[PDB]
Structures are given as C-alpha cells and as structure tokens.
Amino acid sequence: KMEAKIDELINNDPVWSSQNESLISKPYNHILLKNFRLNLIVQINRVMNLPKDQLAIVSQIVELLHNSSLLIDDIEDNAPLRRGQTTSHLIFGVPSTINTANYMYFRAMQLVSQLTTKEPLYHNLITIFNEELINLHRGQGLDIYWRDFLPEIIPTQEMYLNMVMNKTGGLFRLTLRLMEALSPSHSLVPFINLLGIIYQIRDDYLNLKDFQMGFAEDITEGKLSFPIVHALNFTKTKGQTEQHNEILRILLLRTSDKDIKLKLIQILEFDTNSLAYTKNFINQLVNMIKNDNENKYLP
C-alpha cells in the first residue's frame, strides 16, 4: 500500500492546495495593506492604448515586482518600517519573506505569458522582463556593495547615477517597454529613465529633509545616498579631511541615535550644502521636462 501511494504521487503533478497558497502569501499580503504606480500606467496608455484586459495584467505584473522588491529591499536594508507599518520580515521572519517575494517574482513572470499568444511578441515581452530584472539587480547589488564595503569605494555622482539607471530605472523601463511592445497604436524610455532618476534622488532627498523638519533611516542604513555622495566628494575636494572622516564615521555607526543622525544632517547643511545642492539638482532635472517645448522627451 506504501508502494501504491508513492506510485500515485510520482505520477501526478506536485500537490499544492489553496490553503498552501495562503500560507506562502502572508508576507506579501501584509505589504499590500499599503495606486500611483497605476496612475502613471493609466496615463501612459493614452498613448499606447492597450485594451483594458491587457493593461490590467501589465498592472498586476508591475504590482508584484514592485511589492516583492520592497519586501526584499527591507530585509537588505534592515528596515523596521515600511509605509508607516512594521516590515514583513519582522513579522513572518526573514526566511519566509525572502521565499515569498522570490515566489512572486516568478508569479509575475507567469503573468507575462498571458499578455499575448503571438510567438514573436511573447519572446519580446520575456526578453524585456528578463533584461530589466537583471538591471534592477545590478543596481541593487552595487548600491548594497558600496554600502557594505564602505569605506572601500566612495562613488562619484556619475557612478551613483549609473547605479540609479539600473536599480530604479529597471522597473520604470520594464513597465514602459512592455506597454510600447503591446501597443497596437518617439519612445518614452529616455523620459521614464529621467523620471526614475528624479524619483530616486527625491526619495534620498526626502529621507533627510523629513527628519530635519522622517526617521532619516538612510543614515542608520549607511546608504551612499545622493546628498551623502555629494557631501563626501565635496569634503574630499575641499580638503575638509575631518568632515570627510566624520561623515564616514557616522555612516559606519549604523546608528539609530536621533542626536548623531542630526549631527550628520547639520554637516550636510552648514558645511557641504548637500541638501540645498540636491534640491537644486532635482529642480534642474525637472526643468528639463518643464522646458521641453519641442517635446523631445515628452510625448
């Protein structure tokens, strides 16, 4: 009867129930308790005009990738909070959270084959998906390397921006490239690239500016953020050796101490003027769009 049971098992597809599906989803469902990623999709479809069926799936794909990457990013950044709530790995544990997020990457991958049945086009959608997830990992990998090997390598603004094109551009380009390929209707990748860059620097700027006015978690993480990259390279360039070292020392403290975090912010405001330099950099990037009268980037 034992041999019968095995015979049966090995001849069937692996058993997986609905209840099992729920167990594995808990870490992902928790972050869902968190519509502007979709506002941009909706808006771009005015150009692309994908039928609502196809569009919804693109939206589901983007949602799984976005959410999953955030679940793993918080494990990678040791973040206690996300969207004001406790992060999933602190509730379900790092193990289940890593596994559930990765599981969702593959669920997203599965949705990609339900956008089309056209074999040339299907290949294309997969290549896009594959190429941008590879790019998201390269950027994430470099962002983490610099942070965990600090002070071995201090990136420059250029190195930083190439990291951003990969890390933050990945999902923006993946979304748009999928829509342009599905479109039955100039490419907007340059503009989505510009948008993702503005997006990452704003995220890095706001993380510091909300605290000065915000937990300033980036400091606790030791992150080579945009204002930090500028402050470090500014002090190196002006010989401000002790400030250079003081910034490194605070980054390396992986501190949650309110006071010390404040000391580093005051270094960036009074000494290097990095926060004002970032606010300005952003504005410039936006102006590029606000003053695109020929519509070279804009549709």
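One rule holds for the numbers: they count along the sequence shown, beginning at 1.
Q: Look at the other compared PDB entries that model both sides of residue 29, then say whether a third or more of them leave it out.
A: Modelled in all the others, so no.
Q: Of the other PDB entries compared that resolve residues on either side of residue 169, does at least a third omit it?
A: Other entries vs residue 169: none skip it.
Q: Which class fits the unmodelled deposited stretch between residue 213 and residue 214: none, 1 to 3, 4 to 9, or 10 or more?
A: Going from residue 213 to residue 214, the model skips 4 to 9 residues of the deposited sequence.
Q: Our gap detector needs a label for residue 117 to residue 118. Which class matches the unmodelled residues of the deposited sequence there: none, 1 to 3, 4 to 9, or 10 or more?
A: Missing in between: none.
Q: Which is higher on average in the deposited entry, the C-alpha temperature factors of 62 to 70 or of 266 to 274?
A: Comparing averages over the C-alpha atoms only gives 266 to 274.
Q: According to the deposited model, is the average Cα temperature factor higher in 129 to 137 or in 204 to 212?
A: The recorded data point to 204 to 212.
Q: From 193, 110, 187, 220, can you pick the one with the highest C-alpha B factor in the entry?
A: When the deposited C-alpha B-factors of 193, 110, 187, 220 are compared, 187 is largest.
Q: When the CA B-factors of 254, 46, 249, 26 are compared as recorded in the entry, which is the largest?
A: If I rank 254, 46, 249, 26 by C-alpha B-factor, first place goes to 46.
Q: According to the PDB entry, is the CA B factor of residue 144 in the bottom, middle or top third of its chain, that is, lowest, middle or highest?
A: Within its chain, residue 144 is a lowest-third residue by C-alpha B-factor, going by the deposited values.
Q: Sorting the chain's modelled residues by C-alpha B-factor, tell me whether residue 175 ends up in the lowest, middle or highest third.
A: Middle third.
Q: Relative to the other modelled residues of the same chain, rank the CA B-factor of residue 244 and answer lowest, middle or highest third.
A: According to the entry, residue 244 has a C-alpha B-factor in the chain's middle third.
Q: Give the position of residue 182 by CA B-factor within its chain, expressed as the lowest, middle or highest third.
A: As the PDB entry reports it, the C-alpha B-factor of residue 182 lands in the highest third of its chain.
Q: Could you tell me which third, lowest, middle or highest, the C-alpha B-factor of residue 121 occupies within its chain?
A: Tercile = highest for this residue's CA B-factor.
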